[PDB]
Amino acid sequence: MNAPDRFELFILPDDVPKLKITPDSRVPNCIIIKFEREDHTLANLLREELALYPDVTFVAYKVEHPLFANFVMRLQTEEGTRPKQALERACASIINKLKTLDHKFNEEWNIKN
Amino acid sequence: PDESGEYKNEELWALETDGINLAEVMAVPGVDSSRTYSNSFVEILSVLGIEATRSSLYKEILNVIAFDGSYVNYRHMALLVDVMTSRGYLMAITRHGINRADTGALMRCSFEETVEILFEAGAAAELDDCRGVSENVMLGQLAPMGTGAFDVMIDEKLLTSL
Amino acid sequence: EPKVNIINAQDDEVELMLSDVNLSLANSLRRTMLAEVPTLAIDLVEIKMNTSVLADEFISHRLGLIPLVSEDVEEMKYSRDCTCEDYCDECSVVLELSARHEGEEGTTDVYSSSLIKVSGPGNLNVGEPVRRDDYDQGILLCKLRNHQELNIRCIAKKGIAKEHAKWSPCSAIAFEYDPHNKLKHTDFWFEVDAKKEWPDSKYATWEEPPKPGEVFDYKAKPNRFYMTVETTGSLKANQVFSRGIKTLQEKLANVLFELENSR
Amino acid sequence: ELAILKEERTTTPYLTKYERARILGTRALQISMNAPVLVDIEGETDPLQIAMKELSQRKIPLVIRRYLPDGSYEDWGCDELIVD
Amino acid sequence: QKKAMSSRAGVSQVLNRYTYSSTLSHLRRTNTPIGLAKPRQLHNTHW
Amino acid sequence: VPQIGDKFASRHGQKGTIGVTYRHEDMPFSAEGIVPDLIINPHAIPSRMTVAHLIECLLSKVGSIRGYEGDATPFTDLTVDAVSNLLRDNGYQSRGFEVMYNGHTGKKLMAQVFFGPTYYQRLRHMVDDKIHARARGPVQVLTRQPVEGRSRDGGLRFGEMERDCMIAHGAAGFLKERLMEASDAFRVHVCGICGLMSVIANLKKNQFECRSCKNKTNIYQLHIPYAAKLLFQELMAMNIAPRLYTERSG
Amino acid sequence: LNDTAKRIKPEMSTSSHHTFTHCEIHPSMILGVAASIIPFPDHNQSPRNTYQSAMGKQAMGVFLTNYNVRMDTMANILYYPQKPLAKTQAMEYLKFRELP
Amino acid sequence: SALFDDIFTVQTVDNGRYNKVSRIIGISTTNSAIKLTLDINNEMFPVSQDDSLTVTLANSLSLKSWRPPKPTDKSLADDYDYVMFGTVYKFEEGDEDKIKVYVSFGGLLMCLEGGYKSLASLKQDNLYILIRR
Amino acid sequence: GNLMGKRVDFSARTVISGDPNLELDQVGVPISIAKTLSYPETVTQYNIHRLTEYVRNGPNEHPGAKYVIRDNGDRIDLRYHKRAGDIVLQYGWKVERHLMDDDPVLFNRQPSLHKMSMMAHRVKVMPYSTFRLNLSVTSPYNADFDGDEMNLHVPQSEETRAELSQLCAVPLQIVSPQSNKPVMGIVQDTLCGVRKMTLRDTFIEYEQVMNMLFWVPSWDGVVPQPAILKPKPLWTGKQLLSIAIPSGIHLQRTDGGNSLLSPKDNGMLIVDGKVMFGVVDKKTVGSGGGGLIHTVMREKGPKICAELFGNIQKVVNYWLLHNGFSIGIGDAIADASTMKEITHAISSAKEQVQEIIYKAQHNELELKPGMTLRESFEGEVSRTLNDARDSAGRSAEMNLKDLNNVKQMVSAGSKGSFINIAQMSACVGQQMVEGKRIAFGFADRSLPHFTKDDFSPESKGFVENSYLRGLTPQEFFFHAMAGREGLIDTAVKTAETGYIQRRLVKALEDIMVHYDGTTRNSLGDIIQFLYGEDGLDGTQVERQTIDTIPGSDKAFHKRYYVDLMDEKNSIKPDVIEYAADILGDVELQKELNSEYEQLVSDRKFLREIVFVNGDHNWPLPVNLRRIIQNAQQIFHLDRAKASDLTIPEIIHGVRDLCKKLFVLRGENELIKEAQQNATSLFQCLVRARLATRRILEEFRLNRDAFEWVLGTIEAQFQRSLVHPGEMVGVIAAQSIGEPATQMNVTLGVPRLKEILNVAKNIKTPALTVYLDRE
Amino acid sequence: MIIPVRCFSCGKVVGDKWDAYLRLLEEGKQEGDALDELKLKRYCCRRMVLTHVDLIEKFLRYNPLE
Ligand SMILES: [Mg+2]
Ligand SMILES: [Zn+2]
Ligand SMILES: [Zn+2]
Ligand SMILES: [Zn+2]
């Protein structure tokens, strides 16, 4: 009766944006990013990739409610580096790591199977 | 308290007697007549008075409430025992004590014996002042309780001062 | 830097080992292969007639759980993205089932091999139900007595396991790390002795046991994961792994594109 | 006759919770019925918030008529009752 | 029909068909027309 | 289909309802990849002393691993130690504990989790068969109050205890609106002499008249519950005259 | 002996000699139909057994095999009933393994 | 730079009911009547009976939001092995020179007993304790 | 059925469910219920655009509207109006919009035993068909999630919306007047979680600390310094929990006379919102009085208390999510040595019972006074068996390890108790029916499997086995008999309790506190000349001690008396800046003498009249210790700075403060006498706390601190008075009837009914006779 | 009713092993041995196959409705 449609878990409505960014004025160089139609799969990966960066001073994420498919990330870097540049660097690094992993898995499957 | 003033535990011997006979036991020599107590507050009213009856009733209610360790604020039990002993005699919490009050017929009929109370009110030509809460509720008005315990006027002086 | 070591491999399952990767990366890969790898499954059932004892929704739900070959499902288009009305040839696969019992004695068993792929987005290799062997009967669908007939037209579309579990390409993904509890990530419940009361992991011989005189390493991190992926036959295990990696890469690329366009 | 002079009022000078709730509700209803507002409106749109802002600044034009049990009453302005 | 009152009620009940066990339990049911905690206890003779 | 709010119970009196549903990738998983179909709070165990629940779970796990049905007949020689030995002989922990992993992050759980098959049954108490709401609908013919029954689009009852709670809260206006505007409000006319509800009123041509007291001017109108009107009419029918006066004689 | 796992039988040492005239076929037969479904009822609390006996009438399942040809006011049928992994010996006479 | 510094010989090590926290009781070698009891982490800093620990109590590590330290900069903590930070919650000025200082490091308690001439500078709101061996 | 109670419109009812991600005063409302229910909002210039958008959305889409009411009262149905996309609203119209977020609604569970069973919540529209509730509001509602149905009512006017928001709001109902203690607390998993969180050996890595800090809604964005810096940063759970606690909160509690070392990590010390030491459990974050919740409420406000509830719940829930907790069968299994000890104790008890039987059968048992020989023998046997069960349970509890899950639950206080562990692991115990052992239902025997005249424990309802070991058929039958008796007793008790509660409510229905301070009924008859004899609300009193009553005379003289003529007995020179011009003064000495005489008079009045038994801890308003410590923290009274507060200033300030605690206002002599009688006890407490020697030496206040304390005391006493118009009669009736549901002379519900009915015949009449001292 | 297509817990296909399980049970193989020979490792699939009751035959015993 009141059950929401399943495809709303991953289909982004046209009137809402996939990504929202709002500056945080409590501490310098800190931003809040609202990810829509996402879950822990991308959030935890991005968080642990950003945590290892020397220029990132704070990174965290939270899912406010399991019934809603979105999460909120807080990211703060040092003075030299803007948080958005760190986020793009993390995304590129994970993409390169996944490409290397796929290449090596394909090589292993070709060598023995 | 001792000679130094510090409170210390002292053990004494008292009697616990089955059955109730207040005046005769109080008159017995060798008995502290200023401290004899009974668990039947009716006998206390018959012998001691009404204030002693209120004290004994509060003591009994407190014992019943706090035997199992529960705690209830003193003001509620004080209000209950004041209501029970407000007319100079014990007012039982039942139709034999509540319905005998001089309150309105509408609020009395709502508890028990509705038709009998209504017939008695019709025969006795009683008048209801509509000051209680029950007859205000059944008539669909603002009861004189809480936010309805006053009236709100208009401040002409402050509006003029603008 | 990441390394992959394959211990066992077969078309139904792969037991492999990852190293020099973060724990979140392995967990995200497992989650993506579990829920975010697109496959092809029946999502629309048209019942022309059904005289069997099974209910219509019962048979429809049974048909929706039948795995189908989704080798070329990546080239297929989503129903929402398709601009055609209802469904067309390049966004769905049409299957036909017609079963009837011949004779007044015995019971006719209707399996999943009776489905016929009448039409689909040719010449893509999708739609055909998965068969274990060339002579495998398949998944038992229903049973029919005399004068009982089944006539079903099914529509198969492309979807992911998030919408419904019937599009899941894999059954169960075994995943573990640190068989000897060197990192002390867990505390072992015990009555007398913790070492004796707890069975050894199947990968305990792969890692050296901790010495009794060893001191705790506070700077150690999980760096060796053992994971076994089992599929339902819709996709090969290597295909599932590669497509999960590709899906994760596409999600990250979409996030990067959104970040770039946000300026 | 039944009124009590201002210099002879014995009731508490504080605003009770019931009086506060009644004044807030009445002021919110009046504001919702297009009544003049004695305070500035910056961003708030809820009439209850406007009434609360008026109460904080002690500008509500209402008078509480507290009724004694005998029948006499005391009139207290909303601008002279202490609000916690 | 004339003497609706002063007669035992609930002697015959609609059979329960929620499950087999419930049906058996309903078919093996006894009741006492007493409508005092003395008869409600589990006596030793009930073994 | 089961959803949030559906009632499920075990064979030991451990009834409950679904609070939330998690997908396959969100549920905790063991090293073998098995995810539970149901998660229950441990806090329900020690209060009710349902040791039989845990014993049944252990026996079911042993029987599922070995491939038969366990015997749970009371007053037998079967003990927990024998079942624990059987479970230990099958390569599992003797007490049924298993090392589980968090679904969100993949990290090991610090505390091991009791994990095993258990018989559960679905009860005939579904949330979709109990949800009810009403703004305005049919009313009773006699009292002009909302009808009773979820199917008949009925109204919830504001009993005497709710009235007592509202009196304690001090919210007189809410109680008045709940018992008048959300219920059988009605308008009646009374005469300023007899006080009785015998005033004949014609609002189309604006004529108010009282036959008994020959009155046409000193007539008032009141807003009262329809049940109050019915009570007053019944009292009049029983040769009782309740007169409603809007002024205090003193 | 001194077994720490099995339960302890009563001593029954108040009589030097015992002369039994009858023997119980099985103590578990003292239970009813609904109480025979509970696995290990002797390890539970009696209010829990009463609660389970009461709520056993609310579970749904295959009450009869001819539900397709019957016209009942209400009927609830589970798609995939399963026989319990832990069972009592009385269930064989209650047809629970055949209509779970 | 350092408010207090001394060398303590460990007398008693009590694991208690904790698998990670040990309470150590010792006295200063160079002067008696100075007793140190302190809760420490077993895995982070495993100590045994009859050890010798150089203990330094300071106010700042310089030579508000916490951030991970870069490898480039240096602090006093580079010269020690175990570093903890905590709040002083009691400065008991008892009879004669017997003075006790109570410091809580996130729930790990430490009590230092000594004289005024040695513990007069420890009367602060926050403290850093550094142990080297 | 139609006037006192009736069926009402704009109401909903559905099954409830739990939700950790909701605030204390928030309720989750399904989409269908929010769409069906509606609220009429007027059309003004402040909400014209929103109302037009809601109308354009229609009744089938949320947010939307159902009806549009014109100025004259005509109604337009948006369901049948298919051209609603080009309709304009006029000022003064009413739009029946859907239930939106942050809408106050009454929320109720039946039966409604007290005022906390019906509270105002804020609507949050959520999917699925169950009401969502915070876990901390289940206890006041007395609800669980096994199929409970609860009701919701929607106000339809601005005045009633304001009444619900300002009177019946959930945060305002945290503290109840029944026992001046909170009724909402941290319960269930969260409680257990914090017990596993604030342990001394709990450490958190940096990334988890960042996640938990971000999970705090009220976090200030500043990362606290870790407890350990080298060789790896580490945060303890105490710091993470203290993050949720607001600053400025001070709390102190001792457990078993523990010292500041706290070797067992018991007690509790919270300074400025940071936990110095102490494991947080039910004793701290529970519903008990004087705990963290009560202190935070009385210090900050209901809004901050609800924020604390939410913050603690979120942090502990995340930590338990990423840590894990479980229970198993192995938690109910003891080792061989403990089982041997339990069996030995049971065998020894059985031998003692056999010895008692032998003594009784030979006329050797001592006869108890006023009891039959059989009754004395039964009492002896029952006492021996109960002692055996208690000893076995104590041994089983002592055997339990720290990692045991049942022991963890018991220590946390979330669930379980000693008796549960004893019955699960050691021994079920003796089964009792109607206060005695199992009677001989058959011919001189309980069961046909025993011989005649058998008095052994196993033949009369003793279950020597545990639940883990199983039960013999005889023990099973006896346990079933006991359980049936308990169920019957509960069933018969509930109806009597309900009838008693209804009678009490009807008796005290029309009692209100008026504006003159009196307590009168509907007739105007005065019941009490002052409510509670002090004119104070039930929620504004806390247990405080009066320091004048206890102690010896020498201790009283040392603590309070000040002698300026003698150097030794005078004020210490190092704490006051005026130590030069204070020796030998006559006016200051006279003032101190007058203060000491007032203190002595207060001591005499308290000891000889009010409290003759020497009790000193009583409920009083205005916590003075909290005020003193708050002033000390605010004004930074450390560093042993010499106070610039003269003795006459202290004396005159205390004297002026004692005369400004106004309860009744007026110049009538009776009014002054009533004011003095009402404020006597509070004046005694204030004079005990604010003594010249105590201020100058123990507390070390200055002029600013003293003035702040006086002002705070006056303001808090003014705020602690009872508000006129309060329906005290119904509150008292509910507060008396509520414990009755939970619960050799007659006691319990029969005794309460006997008292209330005023029975002329007493079931167990008795007299207590006191003799002379000699 | 009839054997489920997929395991409820993990999702392994078990709907095609009913005939093989019955054939193995017919030739005297034990239930555990038959389950092992069906390559069912996790006990979720083991209880899916072992505890299934075949009620389809009872419904088929009735005469067709049309
Ligand atoms: Mg319930
Ligand atoms: Zn198409
Ligand atoms: Zn007339
Ligand atoms: Zn499975």
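Conventions and cut-offs
Residues numbered from 1 in each chain as written, not as in the entry; some residues may be left out. Chains lettered and ligands numbered in written order. Part of a larger assembly, values for the part shown. Heavy atoms only, no water. Helix = DSSP H or I, 4+ residues; strand = E, 2+ residues; numbered from the N terminus. Buried < 20%, exposed > 50% of the residue type's maximum accessible area, 1.4 Å probe, protein only. Contact = heavy atoms within 4.5 Å. Areas by Shrake-Rupley, 256 points an atom, 1.4 Å probe, with all protein chains shown as cover. Donors = N, O, S within 2.8 Å, 3.2 Å for Na, K, Ca; no water. Tetrahedral: all angles 85-135°; square planar, octahedral: opposite > 155°, others 65-115°. Pairing = 2+ DSSP bridges. Salt bridge = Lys/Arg side-chain N within 4 Å of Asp/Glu carboxyl O. Buried area = accessible area lost by both parts, 1.4 Å probe. Polar contact = N/O pair within 3.5 Å; in protein donor to acceptor, adjacent residues only side chain to side chain. Axes fitted to C-alpha atoms, helices over the stretch in contact; angles between N-to-C directions. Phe/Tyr/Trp six-rings, centres within 6.5 Å; stacked < 30°, edge-to-face > 60°. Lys NZ or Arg CZ within 6 Å of the ring centre and 35° of its normal.

For this coordinate set, the PDB header names cryo-EM as the determination method and states a resolution of 3.3 Å.

Enquirer: I keep staring at the overall build of chain J and nothing clicks. Help me out?
Expert: Counting its secondary structure elements, chain J contains 4 helices and 0 strands. Listed by position from the N terminus, the elements making up chain J come as α-α-α-α. For chain J, the C-alpha atoms occupy an extent of roughly 45 × 30 × 15 Å along the three principal directions. Looking at chain J residue by residue over its 66 residues, the buried ones come to 61%. Partitioning the contacts of chain J with sequence separation of at least 6, the portion at a separation of at least 24 is 51%.

Enquirer: Can you walk me through the overall build of chain E in this structure?
Expert: A tally of regular secondary structure across chain E gives 1 helix and 0 strands. In terms of its C-alpha atoms, chain E occupies a principal-axis envelope of roughly 40 × 35 × 15 Å. Taking all 47 residues of chain E together, 19% fall into the buried category. Counting every atom, chain E has about 4,300 Å² of accessible surface; 51% of that belongs to carbon and sulfur.

Enquirer: How should the coordination of the zinc ion (ligand 2) be read in this particular structure?
Expert: Ideal geometry at a metal centre gives angles of 109.5 degrees when four donors are arranged tetrahedrally and 90 or 180 degrees when six donors are arranged octahedrally. All names here are of chain C. Binding of the zinc ion (ligand 2) to the protein goes through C82 (SG), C84 (SG), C88 (SG) and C91 (SG), at separations of 2.3 Å. Because the angles between the 4 donor atoms bound to the zinc ion (ligand 2) fall within 108 to 112°, the donor set is best described as tetrahedral. As a motif over one chain, the donors of the zinc ion (ligand 2) read C-x1-C-x3-C-x2-C.

Enquirer: What am I meant to see in the pairing of strand β19 (residues 274-277) of chain I here?
Expert: The two faces of a sheet get side chains in turn, since along a regular strand they alternate between them. Residues and elements named next belong to chain I. Note: strand β18 (residues 268-271) against β19, 3 bridges, orientation antiparallel. Its bridge partner being in β19, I270 is matched across the sheet by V275. The antiparallel pairing of β18 with β19 creates a hairpin that spans 2 residues between the two strands, and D272 there sits at a positive phi of about 55°.

Enquirer: Can you help me understand the coordination of the zinc ion (ligand 4) in this one?
Expert: All names here are of chain J. Protein coordination of the zinc ion (ligand 4) is provided by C7 (SG), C10 (SG), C44 (SG) and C45 (SG), with donor distances spanning 2.3 Å. What the 4 donor atoms of the zinc ion (ligand 4) show is an angle range of 107 to 112° at the metal, which sorts the shape as tetrahedral. Counting along the primary sequence, the residues that act as donors to the zinc ion (ligand 4) give the motif C-x2-C-x33-C-C. Here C44 lies in helix α3 (residues 43-50) and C7 lies in the segment before α1 (18-26), a separation of 37 residues in the sequence. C44 sits in the buried class, given a relative accessible area of 3%.

Enquirer: Please clarify how the pattern of salt bridges should be interpreted in this entry.
Expert: For side chains bearing opposite charge, pairing can occur when the charged atoms are close. Enumeration over the complete set of coordinates arrives at 113 salt bridges over all chains. Note that D:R66 and D:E19 form a salt bridge whose closest N and O atoms lie 2.8 Å from each other. Note that D:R66 is positioned in strand β1 (residues 62-67) and D:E19 in helix α1 (residues 17-32), a separation of 47 residues in sequence. When its relative accessible area of 0% is taken as the criterion, D:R66 is described as buried. Taking the relative accessible area as the measure of exposure, D:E19 reaches 0% and is therefore buried. Between I:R389 and I:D390 there is a salt bridge; the shortest N-O distance is 3.5 Å. Residue class for I:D390 comes out partly exposed when judged on its relative accessible area of 31%.

Enquirer: How do you make sense of the environment of D:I60 when you look at a structure like this?
Expert: Along the chain, D:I60 falls in the loop between α2 (47-56) and β1. Classification of D:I60 as buried rests on a relative accessible area of 1%. For D:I60 and D:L15, which are 45 residues apart along the polypeptide, the C-alpha to C-alpha distance reads 13 Å. Ignoring sequence-local partners within four residues, the contact set of D:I60 consists of B:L158, D:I23, D:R27, D:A51, D:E54, D:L55 and D:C78.

Enquirer: Help me out: how do you make sense of the interface of chain I and chain F in this one?
Expert: Quoted interface sizes are often the accessible area lost when the parts come together. Listed per partner, the contact involves 88 residues of chain I and 75 residues of chain F. Here chain I meets chain F over a buried area of about 7,500 Å², counting both sides, of which 61% is carbon and sulfur. The largest per-residue losses of area from chain I upon contact with chain F belong to I:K6, I:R7 and I:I329, which jointly make up 12% of the total buried on that side. Joining chain I to chain F, the criterion identifies 8 salt bridges. For I:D9, the salt bridge identified is with F:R134, shortest N-O distance 2.4 Å. Put simply, chain I and chain F have 34 residue pairs in polar contact between them. For the side of chain I that touches chain F, the element with the most residues is strand β2 (residues 11-18) of chain I, which contributes 6 residues.

Enquirer: Help me understand the sheet that holds strand β5 (residues 93-100) of chain C in this model?
Expert: Whether parallel or antiparallel, the strands of a sheet pair through hydrogen bonds between backbone atoms. Residues and elements named next belong to chain C. With respect to topology, 4 strands assemble into an open sheet ordered β3-β10-β5-β7, the strand pairing being antiparallel. Looking at strand neighbours, the two that pair on one side only are β3 (39-50) and β7 (116-119), the edges of this open sheet. Each neighbouring strand pair of the sheet contributes to a mean axis angle of 30°, computed without reference to strand direction. By the bridge criterion, 8 bridges tie β5 to strand β10 (residues 149-159) in an arrangement that is antiparallel. When the bridges of β10 are listed, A99 appears paired with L150. The strands touched by helix α2 (residues 56-64) within the sheet are β3 and β10, with β3 carrying the most contacts at an inclination of about 155°.

Enquirer: So what exactly am I meant to see when it comes to the side chain of F:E98 here?
Expert: Relative to the assigned elements, F:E98 resides in strand β5 (residues 97-98). Take F:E98: its relative accessible area is 9%, and that puts it in the buried class. A polar contact is formed between the side chain of F:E98 and the side chain of F:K61, at a distance of 2.9 Å. F:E98 has contacts with C:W198, F:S30, F:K61, F:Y92, F:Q112, F:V113, F:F115 and J:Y43, leaving out every residue within four places of it along the chain.

Enquirer: Sorry if this is basic, but what is going on with the arrangement of the chains here?
Expert: Taking contact number as the criterion, the leading pair out of 23 pairs of chains in contact is chains F and I. There is no contact between chain C and chain E; across them, the least C-alpha separation is 20 Å. Separated throughout, chain G and chain H approach each other most closely at a C-alpha pair spaced 29 Å apart.

Enquirer: What am I meant to see in the sheet that holds strand β17 (residues 251-253) of chain I here?
Expert: All names here are of chain I. Spatial ordering of the open sheet is given by β17-β18-β19, a layout of 3 strands whose pairing is antiparallel. Taken across any chain shown, the strands that pair with only one partner, and hence form the sheet edges, are β17 and β19. Each adjacent strand pair in this sheet contributes to an overall mean axis angle of 25°, direction not counted.

Enquirer: Help me understand the packing of aromatic side chains in this model?
Expert: Note on aromatic pairs: each is described by the distance of the centres and the angle between the planes. Enumeration over the complete set of coordinates arrives at 49 aromatic pairs over all chains. Seen in terms of ring centroids, C:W189 and F:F97 are 4.9 Å apart; in terms of plane orientation they differ by 45°. Their pairing is tilted. With C:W189 in the loop between β11 (170-177) and α3 (194-197) and F:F97 in strand β5, this residue pair bridges two chains. Each member of the pair, C:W189 together with F:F97, is buried. Judged by centre distance (5.3 Å) and plane angle (75°), the ring pair of E:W47 and I:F477 falls under edge-to-face. Here I:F477 lies in helix α15 (residues 473-507) and E:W47 lies in the segment after α1 (20-27), a pairing that spans two chains. Taking the relative accessible area as the measure of exposure, E:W47 reaches 22% and is therefore partly exposed. Judged by relative accessible area, I:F477 falls into the buried class, the value being 7%. An aromatic cluster of at least three residues, connected via ring pairs, comprises C:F175, C:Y177, C:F225, F:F29 and F:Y101. When the ring centre of E:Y18 is taken as reference, the NZ or CZ atom of F:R124 above it lies at 4.1 Å.

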